[PDB]
Structure formats: structure tokens, C-alpha cells
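Peer 1: Sharing target.cif below, mmCIF, C-alpha atoms:
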```
data_run
loop_
_atom_site.group_PDB
_atom_site.id
_atom_site.type_symbol
_atom_site.label_atom_id
_atom_site.label_comp_id
_atom_site.auth_asym_id
_atom_site.auth_seq_id
_atom_site.Cartn_x
_atom_site.Cartn_y
_atom_site.Cartn_z
ATOM 1 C CA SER A 1 117.521 124.397 16.362
ATOM 2 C CA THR A 2 116.461 124.186 12.736
ATOM 3 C CA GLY A 3 117.402 122.335 9.570
ATOM 4 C CA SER A 4 116.956 123.065 5.855
ATOM 5 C CA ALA A 5 117.735 120.703 2.982
ATOM 6 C CA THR A 6 117.128 120.771 -0.737
ATOM 7 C CA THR A 7 115.092 117.935 -2.223
ATOM 8 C CA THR A 8 115.582 117.004 -5.888
ATOM 9 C CA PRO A 9 113.481 115.019 -8.370
ATOM 10 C CA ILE A 10 115.106 111.691 -9.251
ATOM 11 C CA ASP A 11 114.099 111.972 -12.908
ATOM 12 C CA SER A 12 112.321 114.140 -15.448
ATOM 13 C CA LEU A 13 108.860 112.992 -14.322
ATOM 14 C CA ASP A 14 109.235 113.779 -10.600
ATOM 15 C CA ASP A 15 108.710 110.060 -9.836
ATOM 16 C CA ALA A 16 110.233 110.748 -6.416
ATOM 17 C CA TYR A 17 112.452 113.195 -4.566
ATOM 18 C CA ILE A 18 115.812 112.613 -2.875
ATOM 19 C CA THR A 19 117.305 114.633 -0.047
ATOM 20 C CA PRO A 20 120.937 114.317 1.150
ATOM 21 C CA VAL A 21 121.344 112.940 4.679
ATOM 22 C CA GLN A 22 124.569 112.728 6.700
ATOM 23 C CA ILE A 23 124.959 109.461 8.659
ATOM 24 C CA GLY A 24 127.819 108.538 10.965
ATOM 25 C CA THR A 25 131.251 109.865 11.919
ATOM 26 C CA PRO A 26 132.893 110.813 9.633
ATOM 27 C CA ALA A 27 129.760 111.669 7.676
ATOM 28 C CA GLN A 28 128.495 109.249 5.080
ATOM 29 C CA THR A 29 126.086 111.100 2.810
ATOM 30 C CA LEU A 30 123.174 109.142 1.381
ATOM 31 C CA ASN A 31 120.301 110.403 -0.753
ATOM 32 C CA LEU A 32 117.081 109.387 0.943
ATOM 33 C CA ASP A 33 113.419 109.469 -0.006
ATOM 34 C CA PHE A 34 111.681 111.547 2.679
ATOM 35 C CA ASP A 35 108.403 109.709 3.177
ATOM 36 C CA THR A 36 105.569 111.168 5.276
ATOM 37 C CA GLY A 37 103.707 107.884 4.656
ATOM 38 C CA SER A 38 106.063 105.605 6.648
ATOM 39 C CA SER A 39 108.159 105.708 9.774
ATOM 40 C CA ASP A 40 111.380 103.766 9.177
ATOM 41 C CA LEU A 41 114.751 105.302 8.359
ATOM 42 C CA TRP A 42 116.433 102.584 6.336
ATOM 43 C CA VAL A 43 119.475 102.515 4.096
ATOM 44 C CA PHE A 44 121.329 100.467 1.568
ATOM 45 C CA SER A 45 124.399 99.245 3.424
ATOM 46 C CA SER A 46 127.525 97.152 3.468
ATOM 47 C CA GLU A 47 125.209 94.401 4.778
ATOM 48 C CA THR A 48 122.875 94.437 1.755
ATOM 49 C CA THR A 49 122.926 91.291 -0.405
ATOM 50 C CA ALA A 50 125.482 92.278 -3.055
ATOM 51 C CA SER A 51 123.282 91.112 -5.951
ATOM 52 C CA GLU A 52 120.591 93.524 -4.751
ATOM 53 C CA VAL A 53 122.809 96.606 -4.867
ATOM 54 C CA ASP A 54 123.068 98.268 -8.281
ATOM 55 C CA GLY A 55 124.469 101.785 -8.100
ATOM 56 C CA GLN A 56 123.206 102.963 -4.730
ATOM 57 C CA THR A 57 125.451 104.602 -2.170
ATOM 58 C CA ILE A 58 125.779 102.359 0.887
ATOM 59 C CA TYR A 59 126.112 103.025 4.598
ATOM 60 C CA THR A 60 129.044 101.150 6.153
ATOM 61 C CA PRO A 61 128.541 101.130 9.927
ATOM 62 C CA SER A 62 131.989 99.627 10.644
ATOM 63 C CA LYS A 63 133.499 102.854 9.247
ATOM 64 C CA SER A 64 131.482 105.043 11.620
ATOM 65 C CA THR A 65 133.001 105.644 15.039
ATOM 66 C CA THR A 66 129.584 106.586 16.443
ATOM 67 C CA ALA A 67 127.673 103.548 15.076
ATOM 68 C CA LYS A 68 126.399 101.059 17.681
ATOM 69 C CA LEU A 69 124.584 97.837 16.840
ATOM 70 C CA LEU A 70 121.161 97.809 18.444
ATOM 71 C CA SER A 71 121.384 94.340 19.915
ATOM 72 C CA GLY A 72 118.696 91.921 18.809
ATOM 73 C CA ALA A 73 116.789 94.512 16.750
ATOM 74 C CA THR A 74 115.406 93.723 13.304
ATOM 75 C CA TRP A 75 113.055 95.420 10.884
ATOM 76 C CA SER A 76 110.894 94.423 7.943
ATOM 77 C CA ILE A 77 108.527 96.577 5.912
ATOM 78 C CA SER A 78 106.252 96.336 2.852
ATOM 79 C CA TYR A 79 104.978 99.421 1.046
ATOM 80 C CA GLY A 80 101.674 100.163 -0.681
ATOM 81 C CA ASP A 81 103.364 99.724 -4.060
ATOM 82 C CA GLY A 82 104.363 96.113 -3.306
ATOM 83 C CA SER A 83 108.005 96.842 -2.518
ATOM 84 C CA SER A 84 109.790 95.649 0.640
ATOM 85 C CA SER A 85 113.040 95.580 2.587
ATOM 86 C CA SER A 86 114.442 94.216 5.848
ATOM 87 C CA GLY A 87 117.553 93.965 8.007
ATOM 88 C CA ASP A 88 119.147 94.913 11.323
ATOM 89 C CA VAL A 89 119.540 98.183 13.212
ATOM 90 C CA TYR A 90 122.256 100.559 14.350
ATOM 91 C CA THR A 91 122.056 103.787 16.274
ATOM 92 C CA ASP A 92 124.172 106.593 14.872
ATOM 93 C CA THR A 93 124.362 110.330 14.329
ATOM 94 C CA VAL A 94 122.073 111.612 11.596
ATOM 95 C CA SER A 95 121.994 115.159 10.273
ATOM 96 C CA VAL A 96 119.607 116.765 7.806
ATOM 97 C CA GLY A 97 120.389 120.205 6.441
ATOM 98 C CA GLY A 98 122.336 121.217 9.565
ATOM 99 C CA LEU A 99 119.993 119.598 12.113
ATOM 100 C CA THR A 100 121.568 116.769 14.107
ATOM 101 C CA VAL A 101 120.073 113.803 15.992
ATOM 102 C CA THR A 102 122.375 111.590 18.013
ATOM 103 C CA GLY A 103 121.286 108.012 18.679
ATOM 104 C CA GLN A 104 118.975 107.823 15.656
ATOM 105 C CA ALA A 105 117.888 104.327 14.682
ATOM 106 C CA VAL A 106 119.456 103.660 11.298
ATOM 107 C CA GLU A 107 117.892 100.549 9.809
ATOM 108 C CA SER A 108 120.460 98.652 7.747
ATOM 109 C CA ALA A 109 119.075 96.643 4.825
ATOM 110 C CA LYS A 110 120.140 93.009 4.455
ATOM 111 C CA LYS A 111 117.462 92.466 1.793
ATOM 112 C CA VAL A 112 115.611 94.796 -0.599
ATOM 113 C CA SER A 113 112.979 93.967 -3.244
ATOM 114 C CA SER A 114 113.688 94.390 -6.930
ATOM 115 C CA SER A 115 112.118 97.829 -7.372
ATOM 116 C CA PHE A 116 114.614 99.287 -4.874
ATOM 117 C CA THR A 117 117.593 97.535 -6.536
ATOM 118 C CA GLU A 118 116.428 98.806 -9.952
ATOM 119 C CA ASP A 119 116.335 102.422 -8.740
ATOM 120 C CA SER A 120 119.973 103.536 -8.388
ATOM 121 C CA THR A 121 119.025 107.078 -7.343
ATOM 122 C CA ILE A 122 117.454 106.191 -3.993
ATOM 123 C CA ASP A 123 119.803 105.062 -1.191
ATOM 124 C CA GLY A 124 117.014 104.516 1.345
ATOM 125 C CA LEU A 125 113.960 106.058 2.997
ATOM 126 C CA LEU A 126 113.581 108.510 5.864
ATOM 127 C CA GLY A 127 110.154 108.083 7.387
ATOM 128 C CA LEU A 128 108.202 111.089 8.633
ATOM 129 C CA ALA A 129 104.859 109.552 9.578
ATOM 130 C CA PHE A 130 104.126 108.811 13.227
ATOM 131 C CA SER A 131 106.460 106.563 15.152
ATOM 132 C CA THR A 132 103.600 104.169 15.936
ATOM 133 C CA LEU A 133 104.161 102.730 12.425
ATOM 134 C CA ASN A 134 107.877 102.004 12.956
ATOM 135 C CA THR A 135 108.637 98.351 12.255
ATOM 136 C CA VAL A 136 111.665 97.750 14.498
ATOM 137 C CA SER A 137 111.253 94.726 16.731
ATOM 138 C CA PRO A 138 111.221 93.965 19.573
ATOM 139 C CA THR A 139 111.716 97.617 20.566
ATOM 140 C CA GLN A 140 109.982 100.177 18.319
ATOM 141 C CA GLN A 141 112.163 103.143 17.371
ATOM 142 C CA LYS A 142 111.377 106.830 16.866
ATOM 143 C CA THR A 143 111.489 108.771 13.602
ATOM 144 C CA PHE A 144 114.067 111.439 12.924
ATOM 145 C CA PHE A 145 111.419 114.150 13.415
ATOM 146 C CA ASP A 146 110.231 112.600 16.652
ATOM 147 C CA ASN A 147 113.810 112.525 17.949
ATOM 148 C CA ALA A 148 114.483 116.144 16.900
ATOM 149 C CA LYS A 149 111.106 117.626 17.910
ATOM 150 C CA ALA A 150 111.889 118.877 21.386
ATOM 151 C CA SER A 151 115.090 120.623 20.212
ATOM 152 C CA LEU A 152 113.416 122.398 17.314
ATOM 153 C CA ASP A 153 112.461 126.061 17.556
ATOM 154 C CA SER A 154 108.923 124.990 16.628
ATOM 155 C CA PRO A 155 107.765 121.338 16.504
ATOM 156 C CA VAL A 156 107.144 121.308 12.729
ATOM 157 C CA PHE A 157 108.624 120.381 9.403
ATOM 158 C CA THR A 158 107.545 121.668 5.979
ATOM 159 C CA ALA A 159 107.488 120.181 2.508
ATOM 160 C CA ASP A 160 107.968 122.438 -0.501
ATOM 161 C CA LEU A 161 108.252 120.097 -3.484
ATOM 162 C CA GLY A 162 109.149 121.433 -6.896
ATOM 163 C CA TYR A 163 107.537 120.733 -10.276
ATOM 164 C CA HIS A 164 110.320 119.483 -12.492
ATOM 165 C CA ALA A 165 112.686 121.349 -10.161
ATOM 166 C CA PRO A 166 114.314 121.227 -6.707
ATOM 167 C CA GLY A 167 112.390 122.054 -3.550
ATOM 168 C CA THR A 168 112.959 122.191 0.176
ATOM 169 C CA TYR A 169 112.355 120.325 3.421
ATOM 170 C CA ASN A 170 112.624 122.590 6.473
ATOM 171 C CA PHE A 171 112.678 121.491 10.112
ATOM 172 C CA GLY A 172 111.726 123.654 13.034
ATOM 173 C CA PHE A 173 110.539 126.795 11.233
ATOM 174 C CA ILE A 174 108.119 128.183 8.662
ATOM 175 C CA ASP A 175 109.713 130.116 5.826
ATOM 176 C CA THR A 176 107.170 132.870 5.315
ATOM 177 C CA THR A 177 108.809 133.824 1.994
ATOM 178 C CA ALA A 178 108.112 130.381 0.523
ATOM 179 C CA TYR A 179 104.365 130.755 -0.060
ATOM 180 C CA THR A 180 101.658 133.187 -1.059
ATOM 181 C CA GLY A 181 98.637 134.271 0.938
ATOM 182 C CA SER A 182 97.981 132.428 4.203
ATOM 183 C CA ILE A 183 98.470 128.920 5.486
ATOM 184 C CA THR A 184 95.160 127.135 6.100
ATOM 185 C CA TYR A 185 95.343 124.576 8.878
ATOM 186 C CA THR A 186 93.172 121.473 9.000
ATOM 187 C CA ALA A 187 92.652 118.666 11.525
ATOM 188 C CA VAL A 188 94.703 115.455 11.513
ATOM 189 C CA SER A 189 93.851 111.954 12.699
ATOM 190 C CA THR A 190 96.851 109.905 13.823
ATOM 191 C CA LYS A 191 94.773 106.763 14.473
ATOM 192 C CA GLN A 192 96.273 104.993 11.425
ATOM 193 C CA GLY A 193 99.734 106.458 12.055
ATOM 194 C CA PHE A 194 99.486 108.736 9.018
ATOM 195 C CA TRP A 195 99.118 112.453 8.450
ATOM 196 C CA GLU A 196 95.415 111.791 7.747
ATOM 197 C CA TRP A 197 93.061 114.711 6.990
ATOM 198 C CA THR A 198 89.815 115.592 5.209
ATOM 199 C CA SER A 199 89.712 117.635 2.058
ATOM 200 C CA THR A 200 86.566 119.703 1.639
ATOM 201 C CA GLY A 201 86.086 118.940 -2.070
ATOM 202 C CA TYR A 202 87.310 119.457 -5.615
ATOM 203 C CA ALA A 203 86.991 121.128 -8.994
ATOM 204 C CA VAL A 204 88.061 120.071 -12.510
ATOM 205 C CA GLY A 205 89.580 122.848 -14.621
ATOM 206 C CA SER A 206 87.382 125.959 -14.559
ATOM 207 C CA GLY A 207 84.427 123.904 -13.314
ATOM 208 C CA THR A 208 82.356 124.525 -10.221
ATOM 209 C CA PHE A 209 83.667 123.378 -6.892
ATOM 210 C CA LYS A 210 82.021 120.241 -5.498
ATOM 211 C CA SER A 211 81.776 120.311 -1.718
ATOM 212 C CA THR A 212 82.398 116.818 -0.467
ATOM 213 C CA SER A 213 84.554 115.263 2.268
ATOM 214 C CA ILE A 214 87.578 113.329 1.065
ATOM 215 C CA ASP A 215 89.551 111.550 3.800
ATOM 216 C CA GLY A 216 93.147 110.876 2.797
ATOM 217 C CA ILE A 217 96.814 111.095 3.765
ATOM 218 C CA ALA A 218 99.504 113.635 2.977
ATOM 219 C CA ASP A 219 102.180 111.305 1.590
ATOM 220 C CA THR A 220 105.454 112.646 0.136
ATOM 221 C CA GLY A 221 106.527 109.050 -0.573
ATOM 222 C CA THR A 222 103.758 108.421 -3.117
ATOM 223 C CA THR A 223 104.161 109.876 -6.602
ATOM 224 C CA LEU A 224 100.595 110.336 -7.747
ATOM 225 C CA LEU A 225 97.259 111.599 -6.448
ATOM 226 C CA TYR A 226 94.880 108.753 -5.552
ATOM 227 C CA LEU A 227 91.223 109.688 -5.104
ATOM 228 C CA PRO A 228 87.766 108.058 -5.171
ATOM 229 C CA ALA A 229 86.712 106.578 -8.520
ATOM 230 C CA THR A 230 83.839 109.068 -8.860
ATOM 231 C CA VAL A 231 86.224 112.026 -8.589
ATOM 232 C CA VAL A 232 88.829 110.517 -10.898
ATOM 233 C CA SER A 233 86.196 109.693 -13.523
ATOM 234 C CA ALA A 234 84.921 113.281 -13.338
ATOM 235 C CA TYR A 235 88.467 114.520 -14.023
ATOM 236 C CA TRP A 236 89.406 112.274 -16.954
ATOM 237 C CA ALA A 237 85.962 112.823 -18.583
ATOM 238 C CA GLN A 238 87.260 116.287 -19.441
ATOM 239 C CA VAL A 239 90.182 114.875 -21.468
ATOM 240 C CA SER A 240 89.291 113.702 -24.982
ATOM 241 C CA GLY A 241 90.322 110.109 -25.463
ATOM 242 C CA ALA A 242 91.274 109.371 -21.854
ATOM 243 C CA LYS A 243 90.311 105.938 -20.603
ATOM 244 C CA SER A 244 91.000 103.562 -17.750
ATOM 245 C CA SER A 245 93.231 100.771 -18.997
ATOM 246 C CA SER A 246 93.248 97.482 -17.128
ATOM 247 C CA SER A 247 96.376 96.330 -18.968
ATOM 248 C CA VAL A 248 98.339 99.466 -18.163
ATOM 249 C CA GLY A 249 96.968 99.728 -14.621
ATOM 250 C CA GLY A 250 95.165 103.050 -14.607
ATOM 251 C CA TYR A 251 93.951 106.053 -16.572
ATOM 252 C CA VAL A 252 95.858 106.845 -19.740
ATOM 253 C CA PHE A 253 95.369 109.726 -22.130
ATOM 254 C CA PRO A 254 96.576 110.897 -25.529
ATOM 255 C CA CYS A 255 99.999 112.482 -25.170
ATOM 256 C CA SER A 256 98.733 115.257 -27.505
ATOM 257 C CA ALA A 257 96.170 116.411 -24.927
ATOM 258 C CA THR A 258 96.304 119.563 -22.850
ATOM 259 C CA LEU A 259 95.268 118.558 -19.360
ATOM 260 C CA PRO A 260 92.881 120.586 -17.183
ATOM 261 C CA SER A 261 93.894 121.682 -13.699
ATOM 262 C CA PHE A 262 92.564 119.979 -10.573
ATOM 263 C CA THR A 263 91.606 121.906 -7.464
ATOM 264 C CA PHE A 264 91.305 120.417 -3.958
ATOM 265 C CA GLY A 265 89.821 122.042 -0.873
ATOM 266 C CA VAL A 266 91.545 122.712 2.414
ATOM 267 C CA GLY A 267 88.829 124.115 4.626
ATOM 268 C CA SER A 268 87.638 127.238 2.800
ATOM 269 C CA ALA A 269 90.908 127.500 0.853
ATOM 270 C CA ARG A 270 91.749 126.010 -2.523
ATOM 271 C CA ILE A 271 94.934 124.455 -3.927
ATOM 272 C CA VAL A 272 95.188 124.376 -7.725
ATOM 273 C CA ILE A 273 97.210 121.588 -9.355
ATOM 274 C CA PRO A 274 98.127 122.780 -12.863
ATOM 275 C CA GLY A 275 97.266 120.363 -15.659
ATOM 276 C CA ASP A 276 100.950 119.878 -16.588
ATOM 277 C CA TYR A 277 101.560 118.352 -13.125
ATOM 278 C CA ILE A 278 99.189 115.478 -14.007
ATOM 279 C CA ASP A 279 101.163 114.318 -17.107
ATOM 280 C CA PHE A 280 103.538 111.411 -16.376
ATOM 281 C CA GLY A 281 104.546 110.761 -19.936
ATOM 282 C CA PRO A 282 104.428 107.818 -22.339
ATOM 283 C CA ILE A 283 103.339 104.469 -20.882
ATOM 284 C CA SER A 284 106.313 102.938 -22.700
ATOM 285 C CA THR A 285 109.160 104.564 -24.609
ATOM 286 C CA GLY A 286 107.849 106.020 -27.875
ATOM 287 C CA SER A 287 104.170 105.474 -27.120
ATOM 288 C CA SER A 288 101.637 108.203 -27.807
ATOM 289 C CA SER A 289 99.574 107.006 -24.838
ATOM 290 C CA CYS A 290 100.518 108.887 -21.628
ATOM 291 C CA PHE A 291 99.988 107.941 -18.005
ATOM 292 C CA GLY A 292 97.747 110.036 -15.812
ATOM 293 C CA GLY A 293 98.842 111.599 -12.539
ATOM 294 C CA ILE A 294 95.392 111.297 -10.964
ATOM 295 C CA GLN A 295 94.292 107.725 -10.345
ATOM 296 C CA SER A 296 91.615 105.768 -8.525
ATOM 297 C CA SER A 297 92.196 104.786 -4.905
ATOM 298 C CA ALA A 298 89.638 101.995 -5.220
ATOM 299 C CA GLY A 299 91.359 98.898 -3.922
ATOM 300 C CA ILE A 300 94.061 100.826 -2.031
ATOM 301 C CA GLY A 301 91.672 101.344 0.839
ATOM 302 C CA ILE A 302 92.743 104.937 1.437
ATOM 303 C CA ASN A 303 92.946 108.158 -0.562
ATOM 304 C CA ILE A 304 96.505 109.458 -1.053
ATOM 305 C CA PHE A 305 97.501 113.070 -1.493
ATOM 306 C CA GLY A 306 100.870 112.216 -3.009
ATOM 307 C CA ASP A 307 103.504 114.401 -4.708
ATOM 308 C CA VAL A 308 101.187 115.470 -7.583
ATOM 309 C CA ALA A 309 99.023 117.256 -5.014
ATOM 310 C CA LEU A 310 101.644 118.232 -2.448
ATOM 311 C CA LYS A 311 104.012 119.862 -5.002
ATOM 312 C CA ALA A 312 101.249 122.416 -5.789
ATOM 313 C CA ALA A 313 101.410 123.598 -2.160
ATOM 314 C CA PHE A 314 103.588 124.694 0.693
ATOM 315 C CA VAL A 315 102.764 122.042 3.293
ATOM 316 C CA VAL A 316 103.206 122.300 7.056
ATOM 317 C CA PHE A 317 103.442 119.121 9.077
ATOM 318 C CA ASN A 318 102.690 120.480 12.563
ATOM 319 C CA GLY A 319 103.786 118.044 15.261
ATOM 320 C CA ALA A 320 102.390 119.967 18.215
ATOM 321 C CA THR A 321 100.673 118.006 21.000
ATOM 322 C CA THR A 322 97.659 117.882 18.737
ATOM 323 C CA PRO A 323 99.063 117.529 15.220
ATOM 324 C CA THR A 324 97.611 119.499 12.290
ATOM 325 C CA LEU A 325 98.350 120.031 8.604
ATOM 326 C CA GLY A 326 98.762 123.372 6.882
ATOM 327 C CA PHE A 327 98.499 124.168 3.176
ATOM 328 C CA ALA A 328 99.360 127.343 1.322
ATOM 329 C CA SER A 329 99.507 128.237 -2.351
ATOM 330 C CA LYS A 330 102.938 129.209 -3.662
#
```
Would you write the structure of this file as C-alpha cells?

Peer 2:
Amino acid sequence: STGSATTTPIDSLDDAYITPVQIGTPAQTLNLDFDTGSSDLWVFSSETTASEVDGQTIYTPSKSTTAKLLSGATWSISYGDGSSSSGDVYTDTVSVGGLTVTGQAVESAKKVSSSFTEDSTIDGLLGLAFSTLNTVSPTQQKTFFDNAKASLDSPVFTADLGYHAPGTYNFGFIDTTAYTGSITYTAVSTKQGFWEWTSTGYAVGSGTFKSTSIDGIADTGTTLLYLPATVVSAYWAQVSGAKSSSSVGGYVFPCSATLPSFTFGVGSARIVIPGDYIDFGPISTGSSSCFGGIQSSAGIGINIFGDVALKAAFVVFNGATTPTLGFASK
């Protein structure tokens, strides 16, 4: 089997991407944030504290003839950005772009933190990291990909995120028309439960490539590109007037600037992030100070190849016995 679904930016800055997901019988369609940095499929629901729902589409398990309460099961998660959610668990039928899993753990939110409430465009998350990170207790549950894997034509999914435009998540096949040149594959460590790999270095604009190992994770659920302070300083040094602002919480730059590109290495291959991808607009409405899309990972404890980096590539998440990551230009 295979699946193919379109993923759409939630706003004009590509702050995140939503993908429609069918849950239950009859189908209830929710727009979820496909997140290769976590491993819980959770949804706004009829069980969510009413005051914490503000415009999201909810899952109502009592209206699904295939929903079954997973007795005694609870979940609770906190994300790198400080957000959190928790609740109970159902199993139900879940389909993504024509690909169907029966008995998928659907984690129903009783509580969500304010950032989720305040974002009406995201109805929940669909985790695509390794199932070892799943928070359901006392019986850990598998991710959607893990549940589908054996049925897929090939045990892979691919992320093709758009810049200021829709993209695609495919399951079970590699669309050879979706990229240019070849796919370069690189080793993955699953020891932290992430799609963790090692970039071979970087360049700023037309500058010379610096060969240097950068360990980090391929994370569709993080907006920006988070890299070591040395690297990030090297980048913003090329932008007149850019500075790290403690009060804003990162590097800012004059909105009148033209940003240089940023290149990262995948083995011998190179992925070029155009400068425009690194502009995330005014820090506050009407400001002429703009927020940078490349930021320091110092204090996160891990480097994150988030959407800013991933949207410049066609990315293969290969879930073979020994997982690997593939990157191609597009």
C-alpha cells in the first residue's frame, strides 16, 4: 500500500504545516501537524476542557463506531518549545492520503497548554519519530508509520515541504519526479528516539564550505533551523545590522536586508537554503526588525534541522531494519 497527502503552511511565514487526517467511522477529518520529532498522535477532542478549545476541529469518539477506549491508558507530553498536552486514549481507524491503519492509538486531549489553544489551525499532532518516545502509559503505543510499515510497498515516508506553498507527505514510495539529481543517504542514530544524523558541514552565501560534523535531528515539527552558536554567528555576521537580542529571544535583522543563502552538507552532497527562507518577518506588527530563521541551539542541548532546512530538500525517512535519512535537492 501507499499514501499521499498534501501538507499546507498554517500562515504566511510557514510557522508550521498541517495535513488532513481521517479518524473514525464515519470519517472525522482533522488537520494535524506531522512531527518527525515526537511520537504521539494526539487530537483536540470532545473531552478537551472547553475553555482550552478556540476554533480547532475536535475528534468526538462517541460518534465513531470503530472507536474503542483503551482501558486505563493515559498520556502526557511536553515539547521543546514549552508547550504541553495530556489526556486519555482510544484506538480507532486512521487514514492519511488513502493509507489506512486500523487500531491506531488516538490520544484524546483533556488538557492543552495555551499555545495550542491560541493556534486555531492545528487540531493535533501526528508523531513520526520512533515509537520508543511514545508517552502512553502504562502500555506504550506505536506511531502511525510504525503501524503501517509492514503493509507499505517500501518501509519509508518522505517529506516535501513547500516554501510559502503546499507540499507533500508520501508513505510507502519515493516519487522520483519530486526531486533533482540523486538522493544522498546518511546514517541515523535512534538512541534518542529521533531521526538523528550528522551533517558534514556548512557554507554561508557564496562562501567556502566548512567541513565539520554537526549532529542534529530532522524535525518537521520545529519551524526554524537550530545550529551551534559558532555556525549561527558566522551566518548572521554576513547580514549588516543583525544582532542577537536577549529581549526578543534570538537573532534579529533589519527587515530591509537581503539575506544570504545557507548550505548544509549531507555526505558529499549539498543542500542550499535560499536566503528568503530564513526571513520570518517583523518581530512585532509594524516593526522594521525581523526575526531570523537560523538560531542558536545553545541551551536546547541538540541541533535541530527544522522546516527552514527540510523545506529546501526532498527528505526520505527510511524505516528499514537499519533506518537512514535521504536528502535530495528539488

Peer 1: Given the file shown, determine the residues that the PyMOL selection byres ((chain A and resi 29) around 10) selects; report them as an NGL selection string.

Peer 2: :A and (19-24 or 26-28 or 30-32 or 57-59 or 94-96 or 123)

Peer 1: Expanded to explicit residues, what is the PyMOL selection byres ((chain A and resi 73-88) around 10) for this file, as an MDAnalysis selection string?

Peer 2: chainID A and resid 37:40 42:45 47:48 69:72 89:90 106:116 124 133:141 221:222 300

Peer 1: Can you tell me, as a compact mmCIF listing (two decimals) with C-alpha atoms, in the coordinates of the input, what residues are no more than 8 Å from residue 161 (chain A) when counting only C-alpha atoms, ignoring any on the same chain fewer than 3 positions away?

Peer 2:
```txt
# COMPACT_ATOMS: atom_id res chain seq x y z
CA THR A 7 115.09 117.94 -2.22
CA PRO A 166 114.31 121.23 -6.71
CA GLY A 167 112.39 122.05 -3.55
CA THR A 168 112.96 122.19 0.18
CA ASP A 307 103.50 114.40 -4.71
CA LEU A 310 101.64 118.23 -2.45
CA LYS A 311 104.01 119.86 -5.00
CA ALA A 312 101.25 122.42 -5.79
CA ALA A 313 101.41 123.60 -2.16
CA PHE A 314 103.59 124.69 0.69
```

Peer 1: Which distance in Å separates CA of residue 285 (chain A) and CA of residue 273 (chain A), to one decimal?

Peer 2: 25.8 Å

Peer 1: For the file shown, what are the residues hit by the PyMOL selection byres ((chain A and resi 290) around 9), laid out as a ChimeraX atom specification?

Peer 2: /A:251-256,279-284,287-289,291-292

Peer 1: Quick one: distance from CA of residue 212 (chain A) to CA of residue 129 (chain A) in Å, one decimal?

Peer 2: 25.7 Å

Peer 1: Figure out the distance between CA of residue 207 (chain A) and CA of residue 243 (chain A), please, to one decimal in Å.

Peer 2: 20.3 Å

Peer 1: Which residues, written as a ChimeraX atom specification, have at least one atom at most 8 Å from residue 171 (chain A), with all atoms listed in the file counted and residues fewer than 3 positions away on the same chain left out?

Peer 2: /A:2-4,99,152,156-158

Peer 1: What are the centre and edge lengths in Å, to one decimal, of the axis-aligned box around all listed atoms of region 37-53 of chain A with 6 Å added on each side, as AutoDock Vina command-line options?

Peer 2:
```
--center_x 115.6 --center_y 99.5 --center_z 1.9 --size_x 35.8 --size_y 28.8 --size_z 27.7
```

Peer 1: Which residue out of A:272, A:234, A:178, A:165 has the minimum interatomic distance to residue 295 (chain A) when all atoms listed in the file are used?

Peer 2: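 Ranking A:272, A:234, A:178, A:165 by distance to residue 295 (chain A), first place goes to A:234.
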
Peer 1: Enumerate, as an MDAnalysis selection string, the protein, DNA and RNA residues whose atoms approach (93.9, 121.8, -16.8) to within 8 Å, taking into account only C-alpha atoms and the coordinate frame of the file.

Peer 2: chainID A and resid 204:205 258:262 274:276

Peer 1: Please rebuild region 301-312 of chain A with N, CA, C and O atoms and return the result as a PDB file, in the frame of the given file.

Peer 2:
```pdb
ATOM      1  N   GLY A 301      92.304 101.277  -0.458  1.00  0.00           N
ATOM      2  CA  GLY A 301      91.672 101.344   0.839  1.00  0.00           C
ATOM      3  C   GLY A 301      91.848 102.672   1.531  1.00  0.00           C
ATOM      4  O   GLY A 301      91.371 102.847   2.647  1.00  0.00           O
ATOM      5  N   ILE A 302      92.530 103.608   0.872  1.00  0.00           N
ATOM      6  CA  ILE A 302      92.743 104.937   1.437  1.00  0.00           C
ATOM      7  C   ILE A 302      93.058 105.904   0.312  1.00  0.00           C
ATOM      8  O   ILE A 302      93.692 105.522  -0.666  1.00  0.00           O
ATOM      9  N   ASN A 303      92.607 107.151   0.433  1.00  0.00           N
ATOM     10  CA  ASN A 303      92.946 108.158  -0.562  1.00  0.00           C
ATOM     11  C   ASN A 303      94.327 108.704  -0.232  1.00  0.00           C
ATOM     12  O   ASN A 303      94.681 108.843   0.952  1.00  0.00           O
ATOM     13  N   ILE A 304      95.119 108.997  -1.261  1.00  0.00           N
ATOM     14  CA  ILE A 304      96.505 109.458  -1.053  1.00  0.00           C
ATOM     15  C   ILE A 304      96.770 110.762  -1.779  1.00  0.00           C
ATOM     16  O   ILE A 304      96.811 110.818  -3.027  1.00  0.00           O
ATOM     17  N   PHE A 305      96.968 111.811  -0.987  1.00  0.00           N
ATOM     18  CA  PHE A 305      97.501 113.070  -1.493  1.00  0.00           C
ATOM     19  C   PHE A 305      99.026 112.967  -1.607  1.00  0.00           C
ATOM     20  O   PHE A 305      99.780 113.393  -0.725  1.00  0.00           O
ATOM     21  N   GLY A 306      99.463 112.367  -2.705  1.00  0.00           N
ATOM     22  CA  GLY A 306     100.870 112.216  -3.009  1.00  0.00           C
ATOM     23  C   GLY A 306     101.504 113.444  -3.657  1.00  0.00           C
ATOM     24  O   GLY A 306     100.915 114.531  -3.657  1.00  0.00           O
ATOM     25  N   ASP A 307     102.700 113.263  -4.223  1.00  0.00           N
ATOM     26  CA  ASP A 307     103.504 114.401  -4.708  1.00  0.00           C
ATOM     27  C   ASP A 307     102.740 115.295  -5.710  1.00  0.00           C
ATOM     28  O   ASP A 307     102.879 116.511  -5.684  1.00  0.00           O
ATOM     29  N   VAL A 308     101.958 114.693  -6.603  1.00  0.00           N
ATOM     30  CA  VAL A 308     101.187 115.470  -7.583  1.00  0.00           C
ATOM     31  C   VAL A 308     100.387 116.577  -6.892  1.00  0.00           C
ATOM     32  O   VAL A 308     100.317 117.694  -7.376  1.00  0.00           O
ATOM     33  N   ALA A 309      99.776 116.259  -5.756  1.00  0.00           N
ATOM     34  CA  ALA A 309      99.023 117.256  -5.014  1.00  0.00           C
ATOM     35  C   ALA A 309      99.934 118.130  -4.150  1.00  0.00           C
ATOM     36  O   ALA A 309      99.825 119.360  -4.156  1.00  0.00           O
ATOM     37  N   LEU A 310     100.827 117.497  -3.411  1.00  0.00           N
ATOM     38  CA  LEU A 310     101.644 118.232  -2.448  1.00  0.00           C
ATOM     39  C   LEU A 310     102.584 119.243  -3.123  1.00  0.00           C
ATOM     40  O   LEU A 310     102.853 120.301  -2.548  1.00  0.00           O
ATOM     41  N   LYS A 311     103.068 118.950  -4.337  1.00  0.00           N
ATOM     42  CA  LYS A 311     104.012 119.862  -5.002  1.00  0.00           C
ATOM     43  C   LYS A 311     103.323 121.169  -5.461  1.00  0.00           C
ATOM     44  O   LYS A 311     103.994 122.140  -5.810  1.00  0.00           O
ATOM     45  N   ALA A 312     101.991 121.195  -5.453  1.00  0.00           N
ATOM     46  CA  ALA A 312     101.249 122.416  -5.789  1.00  0.00           C
ATOM     47  C   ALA A 312     101.095 123.324  -4.562  1.00  0.00           C
ATOM     48  O   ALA A 312     100.555 124.438  -4.668  1.00  0.00           O
TER      49      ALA A 312
END
```
